[PDB]
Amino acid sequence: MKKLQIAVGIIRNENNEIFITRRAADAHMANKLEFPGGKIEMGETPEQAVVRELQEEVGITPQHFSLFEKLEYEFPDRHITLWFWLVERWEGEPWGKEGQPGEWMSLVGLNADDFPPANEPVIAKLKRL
């Protein structure tokens, strides 16, 4: 079965809002809300991957970020390891740089059912901050 390492960024502003995008209708986890991120490539580290993926997907460079959670999740047709980085400082203003919907969402209002099921413990832990 396909095995992937994924790095994602939890982009949190000073008003306790998170920058959330929505996945394409033809993607794995189609139409789900998501933290921006993507596949860790050969020859790059998880830290380098979350920087690159946020630059590509939402046009910011995360800096002075921390590992919030690392977990593994078995989907019906693939196994992924997710690296959730908490990003509270960055250069740039996040936007839908790849044409995808993105918007700021209050942390308290996040509904884990809107995200891939792999995110459930992370969304819960975020609400405990």
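All residue numbers are counted from 1 along the displayed sequence.
(request) Compare the mean C-alpha B-factor of 105-113 with that of 5-13 as given in the PDB entry, and name the stretch with the higher value. (result) Higher mean C-alpha B-factor in the PDB entry: 105-113.
(request) Going by the average Cα B-factor in the PDB entry, point out whether 76-84 or 52-60 comes out higher. (result) Between 76-84 and 52-60, it is 76-84.
(message) Sorting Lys70, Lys97, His28, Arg89 by Cα temperature factor from the record, which one lands on top?
(response) The record points to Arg89.
(message) Looking at the temperature factor on the CA atom of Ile40, which third of the chain's modelled residues does it land in?
(response) Ranked within chain, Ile40 CA B lands in the middle tercile.
(message) Considering every modelled residue of the chain and its Cα B-factor in the PDB entry, is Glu34 in the lowest, middle or highest third?
(response) For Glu34, whose C-alpha B-factor we compare with every modelled residue in the chain, the answer is the lowest third.
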